[PDB]
């Protein structure tokens, strides 16, 4: 059994292509990393040493309210509003977003379903002004990731969990984009108010594609020799440029709607 250390994981990260000042959104399957001396906090600590105090690490937090509780009117009274300071991350995204969110100094954005946890030099910029309606468009941490030419790291995670590609769905012009409208409780200056949202669908694909077609795009982007693979600990990992994968994915999407 190979043990990882904050020093060891730092080197694996520089090996994958991570440098000073980088902003990186990390999706992670942490137990694929193997044994770590000081726990998965060594991952975040190693990252921050590599990228420096001006860099920023992000995690997709979201939140925990199931759709049927939300859509069931007996439950409505007892559902706490979304609190970017106390609402815990959705557990389907793994411990990684909660690891970030619960580290002191971290910040979290306002759009509940698209909410992002961030820590580092630009965590305030990344979490600020998160558009509530259409939280995966230009006024979101994902959009600012592209503007800052950040990166996406799949830390042993399945490739179809690349949330950044939902931003490509928003930008990409193709016909019959499913529009989603739901109502969720948030706080308005301290008090629970129920509110109507609208966004492009992120729970299921455009009609033709499969539930995991994100993975095909990522593998097809890695096929052009952009990006870079490598081992972080013992987890197979991928590091992609945010702007390039998003430009790649929107054409791929716009190319597919022109068809049939």
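Positions refer to the first chain, counted from 1.
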| query | finding |
| --- | --- |
| Selected stretch [higher average CA B-factor]: 247 to 255 or 14 to 22 | 247 to 255 |
| Stretch with the higher entry mean CA B-factor, where the candidates are 103 to 111 and 70 to 78 | 70 to 78 |
| Third assignment of residue 64 from its chain's C-alpha B-factors | middle |
| Entry-reported Cα temperature factor of residue 172, expressed as the chain third it lands in | highest |
| Position of residue 192 among the chain's modelled residues by C-alpha B-factor, lowest, middle or highest third | highest |
| Residue 45 - which third its CA temperature factor falls in, relative to the rest of the chain | lowest |
| Third of the chain, ranked by Cα B-factor, where residue 225 sits | highest |
